[PDB]
Amino acid sequence: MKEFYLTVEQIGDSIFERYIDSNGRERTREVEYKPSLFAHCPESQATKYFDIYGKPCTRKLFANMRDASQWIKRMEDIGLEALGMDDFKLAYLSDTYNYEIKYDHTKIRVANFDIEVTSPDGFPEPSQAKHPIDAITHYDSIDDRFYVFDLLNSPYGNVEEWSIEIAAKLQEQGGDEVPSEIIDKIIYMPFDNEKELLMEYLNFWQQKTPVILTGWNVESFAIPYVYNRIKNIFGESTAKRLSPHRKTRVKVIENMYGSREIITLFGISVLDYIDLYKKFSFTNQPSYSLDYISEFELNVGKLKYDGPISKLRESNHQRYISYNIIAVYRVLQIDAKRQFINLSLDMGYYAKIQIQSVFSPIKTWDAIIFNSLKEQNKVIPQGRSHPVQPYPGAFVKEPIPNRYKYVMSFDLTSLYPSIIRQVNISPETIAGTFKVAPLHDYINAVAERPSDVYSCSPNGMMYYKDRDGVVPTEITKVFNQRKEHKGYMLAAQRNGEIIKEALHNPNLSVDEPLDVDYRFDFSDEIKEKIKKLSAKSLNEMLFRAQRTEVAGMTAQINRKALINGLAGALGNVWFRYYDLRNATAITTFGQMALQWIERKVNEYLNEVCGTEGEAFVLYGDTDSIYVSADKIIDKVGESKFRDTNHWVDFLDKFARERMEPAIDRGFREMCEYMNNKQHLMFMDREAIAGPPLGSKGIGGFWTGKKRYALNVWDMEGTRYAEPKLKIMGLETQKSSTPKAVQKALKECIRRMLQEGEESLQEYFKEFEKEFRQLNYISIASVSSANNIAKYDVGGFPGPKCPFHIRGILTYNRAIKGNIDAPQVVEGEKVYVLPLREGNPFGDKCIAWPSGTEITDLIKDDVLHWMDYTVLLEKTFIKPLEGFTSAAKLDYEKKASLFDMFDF
DNA sequence: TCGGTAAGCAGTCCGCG
DNA sequence: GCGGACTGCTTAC
Ligand SMILES: Nc1ccn([C@H]2C[C@H](O)[C@@H](COP(=O)(O)OP(=O)(O)OP(=O)(O)O)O2)c(=O)n1
Ligand SMILES: [Ca+2]
Ligand SMILES: [Ca+2]
Ligand SMILES: [Ca+2]
Ligand SMILES: [Ca+2]
């Protein structure tokens with residue numbers, strides 16, 4: 001098999017590499033790597049090395065990496081460019097693996113673990129590690145086993161062994177319900193003292209050394225705790241055995257009260273699953289506890305236990321250990337669904353970087369572009385300092401706030417990467433400039449054609465048409481990958497709806513789910529077989545289809561993020577190819593494209609509808625247009641349609657057969673105007689929106705920029721079994737809006753869009769009467785708590801103190817003297833509740849860590865003094881008033897002359 | 001050697017016989 | 001008690 005790396009580190013003048021060899025065995029080597037860098041030399045000498053602009057360079061081969069570094073500094077002091085890859089481990093990887101990496105994941109040791117630490121005096125701080133580690137569960141992906149290290153004797157209590165038999169039982173039968181599919185995979189190891197547990201864990205670690213180390217919050221808790229605990233007991237040298245190269249780096253975090261640490265373990269790639277989740281999931285959660293995310297991702301119940309966690313080991317050691325095991329499994333379950341570890345491996349090996357560098361789009365692209373150019377014997381430019389400069393971005397149309405009955409949307413495929421490829425924007429393809437006219441002059445095609453020789457953007461930049469650029473070349477590769485995966489995702493989504501449609505008439509049979517690949521649209525034969533399946537098999541197929549859809553979502557959306565990341569990278573000062581001329585060539589072209597096509601669509605639709613000067617395009621943002629389809633529907637007349645699906649088909653056909661070719665014609669003309677390399681402005685129909693036929697639903701509404709709702713029947717070729725709400729920007733979409741309020745506002749919207757004013761008024765009235773009966777967490781607001789210290793003045797709010805920080809300070813004073821009340825963590829999220837005047841907390845609001853119940857001592861008072869009136873007004877009524885006034889609708893029946901009767 | 005912009009809304013401060 | 005000029009947070013893209 002072809003060899004591939006696992007980890008790589010630079011340690012002084014040595015590269016330390018863990019790798020898989022040709023026989024599939026894990027090995028480690030130390031290499032005294034001799035790096036090369038480059039300097040410009042005169043033309044009149046035979047070299048094979050050229051910079052990206054075609055200028056000749058001479059190679060400088062160094063005896064060691066220090067020498068190469070020191071030479072860089074001398075060149076800066078002389079004032080001459082030092083070219084080549086300055087991150088030597090990237091050069092080493094590029095030299096060692098000069099081919100496309102084909103890795104075997106079954107050879108990569110992926111470890112996830114979590115520890116328990118009983119603490120009788122508040123949160124057990126990793127920097128101090130003053131309490132015994134009393135449990136560790138460590139799952140190893142090669143053994144496919146959960147290794148459980150359990151402390152029986154502790155200064156905080158002596159306990160009996162954990163029982164696997166009791167663990168497997170239903171919670172309703174006094175067990176812990178450890179999932180049956182992992183019972184046989186547990187290897188249980190009890191210990192009579194902490195020293196023996198830790199030594200054995202260390203010996204175990206040596207035998208089974210993680211390559212990928214993950215888990216929930218491992219970077220900020222488990223790793224530094226294990227490290228500092230071992231250090232305090234045995235010494236730092238022993239603690240360094242957690243590094244296969246015996247090298248660590250300790251970073252102390254600042255704040256003011258309660259410093260933290262991050263430990264870098266050399267030769268290990270730490271991918272904290274919380275960080276993977278935040279980067280790759282595209283959610284913003286009100287809480288990031290494992291309980292909350294697990295419920296969200298897997299629909300599994302919260303792991304219940306009685307009393308404080310500080311007393312869980314002594315009162316119920318059995319459950320304590322079981323919950324430790326289940327928590328490790330939950331992360332594995334989330335990963336089986338989300339596939340972020342797979343993505344990280346995919347992306348890291350593609351780029352030829354340390355696996356943990358997938359967090360950095362800049363490092364990722366630097367390495368991709370470096371490897372690409374090196375293949376051509378080209379030499380990369382030195383990184384340079386730039387002052388941070390703001391620059392212009394996308395165009396967003398101001399919508400007229402209103403209801404909009406029939407809406408069709410259209411969207412440009414992968415816009416910024418497509419602009420890069422169309423225009424041929426790259427550091428080395430810059431051909432020159434032209435004198436810019438006002439943007440509106442290009443949009444209206446009155447400005448002089450920029451060039452008849454070069455490919456242009458309306459920012460004034462010209463690029464070569466007949467030359468490949470490394471940025472377009474490499475961005476096209478990842479785009480093509482993205483396209484493949486999004487195809488699988490959309491197919492799986494279409495397949496899902498087939499199953500949902502078949503679930504309306506399930507068969508009374510004992511059968512099995514069909515063995516199919518959900519990444520491809522079902523054949524007619526499969527659809528016929530599905531129409532004859534039982535509910536049980538249909539439901540199993542739907543789960544499978546949806547899992548396939550999620551897998552494809554992960555793969556496509558993050559490849560999209562990577563390629564869009566390259567366009568933004570050009571505007572980040574730390575990027576080797578930072579260049580506002582290029583960043584701005586992209587965004588300005590985007591602005592022109594949206595507004596050009598707005599004009600062309602208004603022109604086309606007026607023509608075909610036989611009118612003049614009417615505005616069909618009601619809104620647009622960056623690369624999308626929203627077209628009012630009322631007059632298209634009216635020209636045929638509403639009465640002609642048999643049902644909702646009839647007019648949806650009509651609009652779908654109209655869009656594909658008439659609008660799209662006209663849109664294509666328009667963008668082809670734009671491409672000729674800018675004399676671009678390749679026409680890649682592909683704008684396809686996205687949503688078809690409207691009320692159900694014969695209903696009083698309003699179909700849709702906008703309140704302003706980035707704030708709208710639509711009743712959608714078809715999305716990107718997925719005809720929904722049931723209409724789906726597309727809500728952007730409104731409070732229903734915001735993580736700061738209370739849970740029960742998002743639900744209530746969404747139902748208010750569903751009613752407005754599908755049913756009408758009366759239905760809305762009926763629901764509002766019910767919700768208002770029941771508001772005060774909702775659970776307090778479900779109606780609490782949420783906010784991130786940044787810069788808490790700044791506004792803290794002897795425990796009281798300083799000037800300009802934000803509402804949520806004021807709430808934290810109120811909580812801080814309320815839990816003063818308390819031992820085991822959870823502290824608010826800087827940068828994390830809090831629930832927030834308003835408090836009535838006169839309350840014993842002494843201030844207008846309280847805030848506490850999100851995803852948690854508020855501590856039992858003050859919970860009673862919070863419930864008593866909660867200001868329901870303010871809460872209802874601020875979180876529910878005020879946004880609803882925004883939606884309804886925009887929609888020319890009332891959520892409460894207005895007084896009228898009719899009030900004299902009854903009725 | 002750590003490494004995108006546009007834009008809406010809640011809230012504080014302050015002006016306001 | 002409600003605006004305008006800020007900060008802060010959050011979402012659309
Ligand atoms: N997180 C994001 C989202 C968008 N944008 C920019 C780049 C996109 O090209 C453009 C349009 O956003 P879209 O959400 O429509 O995404 P794309 O057009 O790139 O992809 P597609 O429409 O094919 O899904 O806005 C960005 O820089 N970063
Ligand atoms: Ca725990
Ligand atoms: Ca798009
Ligand atoms: Ca059937
Ligand atoms: Ca879009």
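What's counted below: heavy atoms across the whole structure, side chains too, no hydrogens, waters or symmetry copies. In the text below, chain A, chain B and the rest are named by the order of the sequence lines, each starting its count at 1.
- Nearest nucleotide to the side chain of A:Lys800, out of C:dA12, B:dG11, B:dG3: B:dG11.
- Listed candidates were B:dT1, B:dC13, C:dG8. Nearest to the side chain of A:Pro799 is B:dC13.
- One atom, NZ of A:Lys878, and another, P of B:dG8, lie 19 Å apart when rounded to the nearest Å.
- Taking atom CG of A:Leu809 as the reference point, atom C1' of B:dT12 lies 15 Å away to the nearest angstrom.
- The neighbour count for A:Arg836 CZ, taken as heavy atoms of other residues, nucleotides or ligands under 6.0 Å away, is above 12.
- Among the atoms of the strands shown, none is found under 4.0 Å from any heavy atom of A:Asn564.
- Between the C1' atom of B:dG4 and the CG atom of A:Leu562 lies a distance of 14 Å, rounded to the nearest Å.
- Backbone-only engagement by A:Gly571 is indicated by non-hydrogen atom pairs under 4.0 Å involving sugar-phosphate atoms exclusively.
- Among the heavy atoms of the strands, none lies under 4.0 Å from A:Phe575.
- Whole-Å rounding puts the A:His804 NE2 to B:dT12 P distance at 11 Å.
- Going from atom CG of A:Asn582 over to atom P of B:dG4 covers 16 Å, rounded to whole Å.
- OP1 or OP2 of C:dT10 has at least one side-chain nitrogen or oxygen of A:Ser784 nearer than 4.0 Å.
- Note on A:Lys705: a side-chain N or O is less than 4.0 Å away from OP1 or OP2 of B:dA7.
- The only member of A:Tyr626, A:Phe701, A:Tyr404, A:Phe883 that meets ring pair (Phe, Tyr, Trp, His ring centres under 6.0 Å) when paired with A:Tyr708 is A:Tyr626.
- Taking only side-chain atoms of A:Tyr391, from C-beta outward, the nucleotide of B:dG4, B:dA6, B:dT12 with the closest atom is B:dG4.
- Within 4.0 Å (heavy atoms only), A:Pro879 reaches no atom of the nucleic acid at all.
- From the dihedral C1'-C2'-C3'-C4', which is negative here, one reads the pucker of C:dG8 as south, toward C2'-endo.
- Nucleic acid contact class of A:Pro361 (heavy atoms, under 4.0 Å, all strands): none.
- The pentose of C:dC6 belongs to the north class of puckers. Its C1'-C2'-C3'-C4' angle has a positive sign.
- For A:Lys844 and B:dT12, the shortest distance from a side-chain N or O to OP1 or OP2 is below 4.0 Å.
- Checked against a 6.0 Å centroid threshold, the rings of A:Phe62 and A:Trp71 count as neighbours.
- For A:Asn786 and C:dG8, the shortest distance from a side-chain N or O to OP1 or OP2 is not below 4.0 Å.
- Using a 5.5 Å limit on the distance between ring centres and a 30° limit on the angle between planes, the aromatic ring of A:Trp574 counts as stacked on the six-membered base ring of B:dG3.
- Taking atom CD of residue A:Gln389 and atom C1' of nucleotide B:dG3, one finds them 17 Å apart after rounding to whole Å.
- Across all strands, A:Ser735 comes closer than 4.0 Å only to sugar-phosphate atoms, never to a base (heavy-atom distances).
- Considering only heavy atoms from C-beta on, A:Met866 comes within 4.5 Å of A:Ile779 through its side chain.
- Contacts of A:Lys73 with the nucleic acid, taken as non-hydrogen atoms under 4.0 Å apart, are absent.
- For A:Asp86, counting side-chain heavy atoms from C-beta on, the closest listed nucleotide (B:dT1, C:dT10, B:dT12) is B:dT1.
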Exercise. Just do the side-chain contact (heavy atoms from CB on, under 4.5 Å) check on A:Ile369 and A:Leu566 with the steps written out, would you?
Key: CA-CA 11 Å; A:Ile369 296 166; A:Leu566 181 51; 4.2 Å; yes

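- Residue A:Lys829 places none of its side-chain N or O atoms closer than 4.0 Å to OP1 or OP2 of C:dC9.
- In this structure, A:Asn787 reaches neither bases nor backbone, as no heavy-atom distance under 4.0 Å exists between it and the strands shown.
- The distance between atom CG of A:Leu730 and atom P of C:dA12, rounded to the nearest whole Å, is 9 Å.
- Salt bridge A:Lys874/A:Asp867: absent, no basic N to carboxylate O contact under 4.0 Å.
- The residue among A:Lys790 and A:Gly729 whose nearest nucleotide of DNA chain C lies closer to the 5′ end is A:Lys790.
- The side chain of A:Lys734 lies closest to C:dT10 when the candidates are C:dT10, C:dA12, B:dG11.
- Nucleic acid contact for A:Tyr791: sugar-phosphate only, since backbone atoms but no base atoms lie under 4.0 Å from a heavy atom of the residue.
- We find the CD1-OG distance between A:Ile808 and A:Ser783 to be 7.5 Å, quoted to the nearest 0.5 Å.
- Atom P of nucleotide C:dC9 and atom CZ of A:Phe803 are separated by 14 Å, given to the nearest angstrom.
- The side chain of A:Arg707 places an N or O atom within less than 4.0 Å of a non-bridging phosphate oxygen (OP1 or OP2) of B:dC9.
- Between A:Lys706 and B:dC9 there is no side-chain N or O to OP1 or OP2 distance below 4.0 Å.
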Quiz prompt | Residues A:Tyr227, A:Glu261; criterion side-chain hydrogen bond (donor to acceptor under 3.5 Å, both in side chains); working and verdict | solution = CA-CA 10 Å; A:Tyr227 187 82; A:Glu261 280 179 12; over 6 Å; no

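- Taking 4.0 angstrom as the limit, A:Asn572 places a side-chain polar atom (N or O) nearer than this to OP1 or OP2 of B:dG4.
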